[PDB]
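Student: Based on what follows, work out the 3D shape:
(chains A, B, C, D, E and F, ligands or ions: 2)
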Amino acid sequence: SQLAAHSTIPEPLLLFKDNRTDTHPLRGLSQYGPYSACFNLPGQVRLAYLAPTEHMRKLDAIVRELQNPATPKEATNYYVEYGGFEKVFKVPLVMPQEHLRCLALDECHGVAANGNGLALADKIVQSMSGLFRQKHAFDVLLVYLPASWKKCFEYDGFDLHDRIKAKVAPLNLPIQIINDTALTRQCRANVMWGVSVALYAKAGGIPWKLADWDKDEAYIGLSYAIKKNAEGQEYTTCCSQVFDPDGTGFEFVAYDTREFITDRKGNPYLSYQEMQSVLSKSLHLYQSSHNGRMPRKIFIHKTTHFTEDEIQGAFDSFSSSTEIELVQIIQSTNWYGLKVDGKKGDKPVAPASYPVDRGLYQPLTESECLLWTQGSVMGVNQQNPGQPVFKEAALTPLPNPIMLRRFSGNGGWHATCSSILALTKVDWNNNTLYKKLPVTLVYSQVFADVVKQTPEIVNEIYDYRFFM
Amino acid sequence: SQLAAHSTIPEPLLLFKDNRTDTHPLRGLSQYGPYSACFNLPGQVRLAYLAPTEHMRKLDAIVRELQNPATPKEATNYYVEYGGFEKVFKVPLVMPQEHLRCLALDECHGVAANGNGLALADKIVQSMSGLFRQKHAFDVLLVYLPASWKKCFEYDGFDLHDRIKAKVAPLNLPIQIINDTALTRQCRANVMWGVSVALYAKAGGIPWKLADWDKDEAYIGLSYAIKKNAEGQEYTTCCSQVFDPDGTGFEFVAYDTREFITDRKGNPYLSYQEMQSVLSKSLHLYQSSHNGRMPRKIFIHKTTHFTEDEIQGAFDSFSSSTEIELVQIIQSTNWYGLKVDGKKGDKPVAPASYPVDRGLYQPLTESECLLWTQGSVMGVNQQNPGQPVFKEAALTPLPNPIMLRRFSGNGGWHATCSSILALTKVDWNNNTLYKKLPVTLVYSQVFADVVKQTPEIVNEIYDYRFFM
Amino acid sequence: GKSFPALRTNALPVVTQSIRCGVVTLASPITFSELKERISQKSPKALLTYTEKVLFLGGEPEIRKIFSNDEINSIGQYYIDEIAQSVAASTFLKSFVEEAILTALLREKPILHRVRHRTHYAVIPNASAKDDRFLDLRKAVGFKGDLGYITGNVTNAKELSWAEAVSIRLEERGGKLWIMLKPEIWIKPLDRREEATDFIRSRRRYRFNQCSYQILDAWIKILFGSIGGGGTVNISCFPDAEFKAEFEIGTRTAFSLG
Amino acid sequence: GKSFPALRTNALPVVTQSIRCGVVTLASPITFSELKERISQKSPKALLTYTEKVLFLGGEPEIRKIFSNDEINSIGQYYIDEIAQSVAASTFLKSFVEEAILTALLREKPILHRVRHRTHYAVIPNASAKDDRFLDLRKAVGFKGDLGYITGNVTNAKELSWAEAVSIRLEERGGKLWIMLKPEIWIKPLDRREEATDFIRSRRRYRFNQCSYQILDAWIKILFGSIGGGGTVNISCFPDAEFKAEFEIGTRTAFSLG
DNA sequence: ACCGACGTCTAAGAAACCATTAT
DNA sequence: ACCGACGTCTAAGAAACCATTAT
Ligand SMILES: [Mg+2]
Ligand SMILES: [Mg+2]
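Tutor: Numbers count the residues shown, from 1 in each chain, chains lettered A, B, ... in the order given. Ligands and ions are numbered 1, 2, ... in the order given. Structure data below:
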């Protein structure tokens, strides 16, 4: 008949320049400035170009428009005006000189015509060679892939994005890919906000971070990818770790699960040895980045369920004093929720005009809970201060929640729900308020695609800046 | 007459393709492959010419015999068979087309007859103007000066090599200068190995790097050059830095000491604010290449001693957690060493047939010691597998040790001499086994000479690939 | 629960706890594939499943149509006590219970029954669109208080047809059984659903919280006949036959306060 | 030291710790330049230096020759205690003690004394080339076990002369005083060393580690007169005079083990 | 005198594509 | 009367200019 009492958690706060809090990312960025601007790293954001000589004009056009103000056109309820790169980020955006504008060889067009994607990525890096010598002179490289290369973008078992990112990752060169999507979109402010924030993050800056974070907690997310070949299937599993250091930092890294190279798995669930190995690597990274202390309590998030050996390895890799939480994330569920307003004035109990608020979680049983990572948020709207805003109104008429399964734990759902919801906003690669999934899962998925595409880069920890 | 016990440092290991070690550089390139071939960078080494039309066939001959195998004829104890560019570097060396071959203006002959070197350098750089817009069509340019221009090469206060290198440094086009020395030498293996390694390095690749090198350490070398004029003289002191990025790769850069242009000094020693400026600038590169992390320990090498002012500047320019190492390298000393073998069967102790080993360091007092950068090395011989090789045998009958004075340090000599010995082989401009001086001082001296020749290129950071 | 706003789900509680089914014992071993083949070939007026013996809901004449007298050894009765635990533990029991509940709900009522992608759907018939019981659903779908069509022809297609429907699913959580409803626009034929995706998207684009609440209430009223009556609606499948299943499912959807 | 191979340097330890020299207190003021001018004009049979007062080793009749009776006020003695750090801190004392040690070394012994670029050389005479005390040095510079010449003329030269020589330097490191040797081919006249660089390069081309060891041992024997005696050789400067300097220099070159 | 091949049925997600941009 | 021009002297390196090619 009636379920147990639910609860809603406040929309989490983002930290900005001089320790200021703002719920709206773009509004806070325009009004206070980026978090790393107070420590002025980078002092400037230097750019480099990677495009054919026939498409340099689009690149200089997009940088120029990045340097100039722009106003929102679509989704104006949450979308604020762009005030220009140097005004918003308090740090200039330099337009690259003649020696920092790289030209791809003409062989790239022929390779694209012949459909060899791997040769295309090799040719792009071969073109970008000189930037390796010049990498001291700039920070971030802009790469433009024309629409004439579409046939080599993503076919069976190949991905140009993952290949190029994997090839340029060891070179310690953050790059940005620009397609016709960023250039032929009606809402220029979306392109401007997203590109500017991504460039600032790639140059080494921190656009924002959660306000109230405990530095004694670690977050782990494991996701898997599917590789198809004639022999069978191989499951590429990679782990992502999120935590903050003791001071003025933000660690967002991903690393592979494989103990040795050429260890093939046909199922997503990892063995006892593999769980011990990966969780110990996570502990070692946290140890290095935390002056030798161990985490008081650890969160592990996974797409699939925890088998018994995995639980045993998780319990055995850490000590007894450190609490361990295992949480299942399920995207698809049979439940949906409807918001009903209460009795106010003369209007009786009636359904609200806007859907259920984001942050509302429903405890289903002693081990399962439904968390609404999608919903309406108060205090964000620009047109009407009192009107709620729902991001995916043009996609989902109603929010569809996700379901959490607790495999081990004695505490309540408040802590895990707060952590999961707070971890949905620090994806600097998007330009919207929040993500449906926590950032650990999406970063693990991206690195899983990257590792599956190129398996030669394993056993090296990599930061988010190289794969966003 | 009994000194402190000496210790010998094992010969440092060089890293090659697929992360595998070999001491002998040429042997490693022949049998294992270059380190940068792992990333297939450069995919190809396109080539360009700049010679008078009377000396074109010399350029074609040198590139051809670069592309063909050659056998050693002198110092055969060390040099191995040369197998051509493609077999050794696993990348092709592409000959220039019709439009990638350049002809110097006929006015160059008249300028050389007039003896004005600066006009000759200007004419060469202006003749190479046609290559600037086709820079995308090649990577490394060869320039040829025939023997008829000897008299305009080096006179008082002038250097054609340094002038041309300074002029082409901001144009962002590596050059390789060849004269009749390369074409009229008996030992073809010498020239072919040197030119091949130099061309591959100037193509942007990493021929080889040290095997066991820490990424938390940085090394700084300071040298000075003297220019004299009617009024007096001033000191052109510069700086250089060797270190490896967070990812796999190599970058080796040098920069000027002068905080502002037209600052004049009459002694090599640097002021407090000068040390602060230079060390803070070096810190910027270090943080830029390592995602803003601090170096755990810093090494500074100078050809002159450190006054109290320099020590205070160095100590205040870094954080408290980073240990500060100041070492003065005294090339010429009054000491030399003789090697004595122990009792071997019936034969008693007797002088060895070959000189002292390279890697032997003798602690003299609390802060002063001699390390043998010159000596005999075992395991690199080709004719006789068991007989050591001492390379400077054709000119010096005995090695001359270099003398090291410390000004700051808690740890023992082991790390200091180990680092100094390791840095002696990373000079890709050197076709022999090693250098007497660490590569930091070599690049500092070369850049000091270049800046002394042309002081208009100050405050711009330049890597080795432009001055090797 | 202590305060507002309210969260209204799609889950209808099930009050029944025991199902009395029949056991058909085979002298010769039987498999699921052959049982399904016989079901398809004979088209019986009963529901059957195979965990370890053929469990059926319906009448003996039916399973004697499916099975010859030689094959059948004996016929008995089976009590599925603690239905929730058995459904959670046994997959075939879950499918059987879901099918039985659907067949009990869609009896003697003008609602088409269809299946898509292992899921159960209740589709409004085309011919009986103007029925008076559909007035609430017609009001819920229209715009600005105008009466709206429930079924019709899709735009710009040869003979593609569409009709508004509800998906019925069974879910077990913590020892309690829930029935799940999700409004969804059915397309006939089933295999041509891809050709009308833009049409469905256009139809549901502004189906916000208000319209969704109205549609859910209308579907509850259509399926059960009463809404918010405070009681339970009793449905039975094959009431004439000896082996029948009756269910007690409430009309008020599970909700949460506080 | 604990193991082999062994390292043999060219440094001879100096065991002396104090020098008892005399001072020349003169009423009128004295500078180094005119002091050296008087030395050149008079050619004293003694060594003189100027730190703050005129310091000498030798006999008083000499400085009475170089200074008239009116100029000299009084004569006393100076105790140079802690010779090592005094030599390190004071340059004049370093050069003075180095000259005194060399003059003590080359007394009543048939080796010429020469100076080039303010560095001291011990050069064997042409006239006493075939002396028996030079047999070891003749053997060392020989080829295939044959006796080798230790003095001669430079090939393709008009009047150039060459001889085998050793350079002696004084060095102070860490409170210990060392005497350094280095074999070198001396050329007479000094200013025509340009014309014989090919000759020196050819002569020193094959003087490898083994041959250099023999040359160093032969020169140690020539300089000190004993080898491997396990003790120290005492050398003195002007033993007949009142103010004399005596030194205790070992014969075994400083060595180090693993 | 068995543990491998294959059928059924749940849940849950991932991969080559499609499509809109916030009552 | 104090500090600024000259001389001496050590160590030590670089304006430069010739070589010969590894027992
Ligand atoms: Mg990158
Ligand atoms: Mg060079």
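Student: the strands in the stretch 151-258 of chain C, which residues?
Tutor: Remark: strands assigned in the stretch 151-258 of chain C by DSSP state E, counting those that start in this stretch are C:151-153, C:161-173, C:176-188, C:232-237, C:245-250, C:255-256.
Student: Of these, give the one that comes closest to ligand 1.
Tutor: strand C:176-188 (43.0 Å; C-beta to the ion). C-beta: built from backbone N, CA, C; applies to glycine.
Student: Am I right that residue A:452 is in a strand?
Tutor: No - secondary structure of residue A:452 (DSSP: H, G, I helix; E, B strand; the rest coil): helix, not part of a strand.
Student: and the strands of the stretch 151-258 of chain C as CSV, adding mean neighbour count and distance to residue B:291?
Tutor: Shown next, in CSV, are the strands of the stretch 151-258 of chain C (neighbours: other C-beta atoms under 10 Å in any protein chain shown; distance: least, C-beta to C-beta, whole Å):
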stretch, mean neighbour count, distance to residue B:291
strand C:151-153, 14, 61
strand C:161-173, 20, 46
strand C:176-188, 20, 48
strand C:232-237, 18, 64
strand C:245-250, 19, 59
strand C:255-256, 18, 46
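Student: Now the residue nearest to residue C:160 when sequence neighbours are not counted. Its backbone dihedrals?
Tutor: The shortest distance from residue C:160 to any non-neighbouring residue, by C-beta to C-beta, 6 or more residues apart in numbering or on different chains, is to residue C:154 (4.4 Å). Per-residue torsions, residue C:154: phi -70, psi 160 (degrees, to the nearest 10).
Student: dump the residue contacts of residue C:154.
Tutor: Residues near residue C:154 by C-beta atoms under 8 Å, 6 or more residues apart in numbering or on different chains: C:160-162, C:187, C:195-196, C:199.
Student: so the nearest residue to residue A:272 once chain neighbours are set aside is in which element?
Tutor: Among residues not flanking residue A:272 along the chain, residue A:309 sits closest, at 4.3 Å (C-beta to C-beta, 6+ apart). Assigned by DSSP states H and E, residue A:309 belongs to helix A:308-317.
Student: How many neighbouring residues does residue A:143 have?
Tutor: The tally of other residues near residue A:143 (other C-beta atoms under 10 Å in any protein chain shown) stands at 21.
Student: Tell me what it is bridged to.
Tutor: In this entry, residue A:143 is beta-bridged to residue A:50, residue A:177, by DSSP bridges.
Student: Check residue A:402 too.
Tutor: Residue A:402 has these beta-bridge partners by DSSP bridges: residue A:371.
Student: quick one: it and ligand 1, what's the gap?
Tutor: 31 Å (C-beta to the ion, to the nearest Å).
Student: I'd like to know how many residues surround that residue.
Tutor: Residue A:402 has 22 nearby residues by other C-beta under 10 Å.
Student: Distance of the most centrally placed residue in chain C relative to residue B:414?
Tutor: Closest residue to the average C-alpha location of chain C: residue C:102 at 3.2 Å, with C-alpha atoms, centre = their mean. Using C-beta to C-beta, to the nearest Å, we find residue C:102 at a distance of 81 Å from residue B:414.
Student: Residue C:76 falls within a helix, correct?
Tutor: No - counting by three-state DSSP, residue C:76 falls outside a helix, being strand.
Student: wait, what's in contact with the closest residue to it other than its chain neighbours?
Tutor: In this structure, residue C:76 finds its nearest non-sequential neighbour in residue C:23, 4.3 Å apart by C-beta to C-beta, 6+ apart. For residue C:23, the contacting residues are C:53-55, C:75-78, by C-beta under 8 Å, 6+ apart.
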